[PDB]
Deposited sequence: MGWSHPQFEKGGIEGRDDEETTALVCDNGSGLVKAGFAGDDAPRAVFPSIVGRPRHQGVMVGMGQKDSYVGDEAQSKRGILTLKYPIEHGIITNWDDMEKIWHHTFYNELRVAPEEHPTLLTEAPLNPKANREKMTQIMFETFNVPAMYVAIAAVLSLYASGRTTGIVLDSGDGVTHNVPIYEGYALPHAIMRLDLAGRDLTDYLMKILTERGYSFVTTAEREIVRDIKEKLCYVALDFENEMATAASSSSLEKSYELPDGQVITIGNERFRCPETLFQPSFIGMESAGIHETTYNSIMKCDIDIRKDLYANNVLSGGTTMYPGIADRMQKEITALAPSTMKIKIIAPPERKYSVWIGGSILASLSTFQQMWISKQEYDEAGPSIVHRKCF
């Protein structure tokens, strides 16, 4: 019997089998319906993007359209992985600080609709830490919907120090769509948003010194890049390349008064006991797609160094496969018989109902 590992991100489903070194199914967590006013899921909705309006059932890490989420899970089991879910213990993932009802409904649907034999809901950042081969460190996880910091000491997350921001990749995509208009390029529809997401993933980067980079971009074309659109039109983007992810460090770019990701990381460390901060500062682990911007580790190193004591060793760990670190940590832990001993069984669910998820999943 092989466990399934499903990392249900706000933007991408990452799904596969425990023991594999990577997810076998990765596809957008979208349901598409006709733009002219019966549905398509995942890659097939992206395939018909020309005639569809795309909706994400997860917003900021919380399932807000349970009917469409069920479609996504059904698609994952039957259409992508092509498994019978009643034959597979299933590991799911969740951002920390979600309302308890989210995993209560996750558990209910997995057992009552998909009839899984066993399941577990794991905190994503903990999985990333183990994927990095650590028991102590502070994870900065940033996906499409959520950016969160989880400091972990000797294998236990410190809940009072967990930080969370509703600013992540989807906000950066939206911001890129907006500022590309200052250059004359119109991107507005849900379909056009996916073209801009691709521009973002292919051409954006984090400036080490934002002010200097803006002046470089105004002086010459040395930072410009061309991008071929589907119609063949070649557009040019300049300071938008680094203005877009600068928002992670200056959330005021999109009108948020929040601390940037360097400050939330520092603030999380400072909420921990003084004597373990040293180990957190030396073990900042980046996880998730929105941490893939070139230059982000060096920028985090610079900014945390400015906030931390002058005598403090600072280290940013940026695993090359960190788009999949959460999934990989799940694949490892779900390969361990003692971890699976903690999973909720169908018999236990039949006796206890959804409330059991909070007594078993930590």
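Comparing the deposited sequence with the modelled residues, the stretches lacking C-alpha coordinates are 1-20, 58-66.
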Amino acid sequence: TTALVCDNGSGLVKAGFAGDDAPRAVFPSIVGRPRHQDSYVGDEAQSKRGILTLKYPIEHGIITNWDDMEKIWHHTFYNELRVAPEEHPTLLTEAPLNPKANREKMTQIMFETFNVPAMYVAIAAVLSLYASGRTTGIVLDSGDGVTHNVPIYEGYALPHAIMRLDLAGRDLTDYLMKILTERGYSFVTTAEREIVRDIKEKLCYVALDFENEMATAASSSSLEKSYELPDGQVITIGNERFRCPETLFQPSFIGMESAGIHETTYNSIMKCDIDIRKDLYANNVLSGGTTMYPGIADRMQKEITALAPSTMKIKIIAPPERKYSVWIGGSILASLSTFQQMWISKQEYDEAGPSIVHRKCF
From here on, numbers count along this sequence of modelled residues.
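Set 89-97 against 229-237 and average the Cα temperature factors; 229-237 ends up higher.
Annotation for 114-122 versus 252-260: the higher mean temperature factor (C-alpha) is found in 252-260.
Sorting 327, 27, 293, 40 by the CA temperature factor given in the entry leaves 40 at the top. Out of 271, 200, 164, 193, the entry records its largest CA B-factor for 193. Split the chain's modelled residues into thirds by C-alpha temperature factor. Residue 159 is in the middle one.
When all modelled residues of the chain are sorted by CA temperature factor, residue 153 is found within the lowest third. When all modelled residues of the chain are sorted by CA temperature factor, residue 338 is found within the lowest third.
In the PDB entry, residue 35 places in the middle third of its chain by CA B-factor. Per-chain ranking of the deposited C-alpha B factor places residue 175 in the middle third.
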